[PDB]
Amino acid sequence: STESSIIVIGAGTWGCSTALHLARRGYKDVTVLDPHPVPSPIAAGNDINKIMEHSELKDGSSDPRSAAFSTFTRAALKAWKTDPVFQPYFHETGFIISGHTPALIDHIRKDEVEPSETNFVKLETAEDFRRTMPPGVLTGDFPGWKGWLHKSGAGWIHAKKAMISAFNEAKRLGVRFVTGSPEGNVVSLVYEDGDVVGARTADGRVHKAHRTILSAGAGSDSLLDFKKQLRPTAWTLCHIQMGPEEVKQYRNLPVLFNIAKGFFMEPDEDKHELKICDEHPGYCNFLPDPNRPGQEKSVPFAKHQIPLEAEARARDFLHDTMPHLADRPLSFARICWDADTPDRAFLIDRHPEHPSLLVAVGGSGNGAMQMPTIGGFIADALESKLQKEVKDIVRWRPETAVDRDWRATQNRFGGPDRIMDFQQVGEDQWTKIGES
């Protein structure tokens, strides 16, 4: 009931959304635990921008997984446009998806464009690309590039400020946040008679609840045996600081994304920094799995640098698109952790062996744009009224992860077109921003 005690582990993208939605449904006793103050330095959703896109599928070209995803993004788009908690942070500037070989371009055509009801604008030449943004922004030769522009129902979101907005509103509606170490740093789930009855934090305190929701992003994989359903995987981002005049052209830009090179989004309003992500299948940090002798398990760590090879990939993206920026010094960089499920659908379900536990994990590279509404679906799952087509897709499904190949590229491209391992990156082979 709305009087039952609930604990949410993780005050990131999905945890803050969940807290807000539970408060909105009249839940009176909700406590959220995080080792860090919002926004957490290790939250994937702690980012000056993320991509938001919604596409409806053609009737004749639907499958269950993509139909479920469309249901998530349909709700998200409506909320980004109408919910005052989120509306200020959605910039509906459009979204370009592109590649630079015939194989990549065909893949996009077949998987993204043809199944979709969206009316795309086709971009055939370098001039087509450059004309999508104001003069002086795109200056590159886009060698071999073709792609498609989705003009509306897409853009970017200020994920960090949207998360803070949700946090603030959830507090206003009476949600208690314990965010800080050691008091919010959960070190174990607490079991009694085969069920989860709450969480233990690093201060020794045991927090008891009628329901416990595990929404701690990539860090969740350390708190529960997910039976290989989660792969903690990292991607890489860097910023360039734009100057006070030049930055004024760089406004209201569609997202530009080449699925095997990277993407950038327009400079932020606060620091005037332009973010580039270099696209690749991801880094893992493969260490011995303590519970599975002879096996490996990807284990997150935090770092505000990126591998030199990642910087180089970013500068190659800039060469193609904005070569006037390709030699600019980085003002900031970091690695950023999410977790992939085996099919890269979300994992939102009550645990079959521990029914008081709900897991809400597996953003799989697509969780941030869900922020406004994901907590509603998670609350639905808590209340056993998650609609069936979504439910069946995001169910607990360890049978799909038996003998998982951690080095599967899972429909990502770029760089060496394989999963990379941070254990193979030399200590001296990182960016050194702010070091000298």
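In case it trips you up, residue 1 is the first one in the sequence shown, and so on.
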- Message: Test of understanding: from the entry's C-alpha B-factors, which stretch has the higher mean, 381-389 or 364-372?
- Response: 381-389
- Higher avg CA temperature factor (117-125 vs 312-320, as deposited) belongs to 117-125
- Highest CA temperature factor in the entry: which of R334, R211, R350, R130? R350
- Message: Out of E183, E92, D111, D141, whose C-alpha atom has the biggest B factor in the entry?
- Response: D111
- Grab the CA temperature factor for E296 from the record and place it in the lowest, middle or highest third of its chain. highest
- Message: How does the C-alpha B factor of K151 compare with the rest of the chain: lowest, middle or highest third?
- Response: highest
- Query: If you rank the chain by CA B-factor, which third does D34 end up in: lowest, middle or highest?
  - Reply: lowest
- Place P355 in the lowest, middle or highest third of its chain's C-alpha B-factors, as listed in the PDB entry. highest
- When the modelled residues of the chain are sorted by Cα temperature factor, does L57 land in the lowest, middle or highest third? highest
